[PDB]
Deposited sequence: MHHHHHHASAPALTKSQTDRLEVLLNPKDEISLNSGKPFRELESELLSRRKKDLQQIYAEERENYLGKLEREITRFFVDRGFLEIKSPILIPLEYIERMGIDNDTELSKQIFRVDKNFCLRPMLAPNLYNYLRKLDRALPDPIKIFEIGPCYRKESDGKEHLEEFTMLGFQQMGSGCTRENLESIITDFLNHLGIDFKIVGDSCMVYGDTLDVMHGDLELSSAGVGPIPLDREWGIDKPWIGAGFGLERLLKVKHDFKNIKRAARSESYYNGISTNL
């Protein structure tokens, strides 16, 4: 019989599309050599043909979707002033206050895109015609307990529209077109707040403004927006058992173990 340590080793080499019975009679060394051969072949095929990383490719595909729908592509700082966290209403009572990676005395790694998106909406309202539609994709950081659905370093899509047309119906239409474009099953469950679920996994939280917090950011128009984790989208699309398979990582490439 396989030890638990041996099954752990085989599980890192197992891909969802495999159809191998680990619990059958075959010895560990033979099961391991078979899986090593397939994963090496998987990497050789990627190298010979497409050569694109799942996380980079997903970001490029989402970028094309939102640019084509009239949203301006934003690239804003990842290292942000610590004051932005408090100004978001994240005080000691909230969970997120304990999840911040602090840097130096006055900076942190952003755990969210909302502060920079607020700042862009306010500034662009002086220049662009109504409605203002923006989006950003990039790294975000949170301290988390170990869990199959959370990374400490992940990638967030955030989009926001401000001005006319900021209805819940329009928000649900964006989400619906977006996930049907990507081929990801979902249910929307519900200022108004709204979560996008895949089974028990949260793909997104979405919001409809105005809300009282807007005033602190110099915002006084209605808005709709949502934030999606890219690694969670990849986990669902590729049926990964653990989100570590979709992360920026030295241990996995497109969900394939790099320890061969």
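- Within the chain's deposited sequence, the coordinate-free stretches run 1 to 11, 202 to 207 in sequence order.
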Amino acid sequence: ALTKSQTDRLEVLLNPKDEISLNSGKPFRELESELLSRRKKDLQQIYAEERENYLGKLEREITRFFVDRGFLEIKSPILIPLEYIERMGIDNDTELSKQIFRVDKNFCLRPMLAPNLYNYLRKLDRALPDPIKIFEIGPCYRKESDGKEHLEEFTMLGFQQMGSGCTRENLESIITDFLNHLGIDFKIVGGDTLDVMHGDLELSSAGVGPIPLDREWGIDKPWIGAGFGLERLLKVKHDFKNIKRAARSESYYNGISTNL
From here on, numbers count along this sequence of modelled residues.
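- The stretch with the higher mean CA B factor, choosing between 93 to 101 and 153 to 161, is 93 to 101.
- The mean Cα B-factor in the deposited entry runs higher for 102 to 110 than for the other of 102 to 110 and 168 to 176.
- In this structure the maximum Cα B-factor among 243, 13, 236, 20 is found at 20.
- Based on the entry's C-alpha B-factors, the most elevated value among 41, 232, 51, 60 belongs to 41.
- Residue 130: CA B factor in the middle third of modelled residues in this chain (values from the PDB entry).
- Remark: residue 148 belongs to the highest third of its chain, ranked by C-alpha B-factor as recorded.
- In this PDB entry, the Cα temperature factor of residue 83 sits in the top third of its chain's modelled residues, the highest group.
- Among the modelled residues of its chain, residue 222 has a C-alpha B-factor that falls in the middle third, as given in the PDB entry.
- Placement of the Cα temperature factor of residue 182 within the chain: middle third of the modelled residues, per the deposited record.
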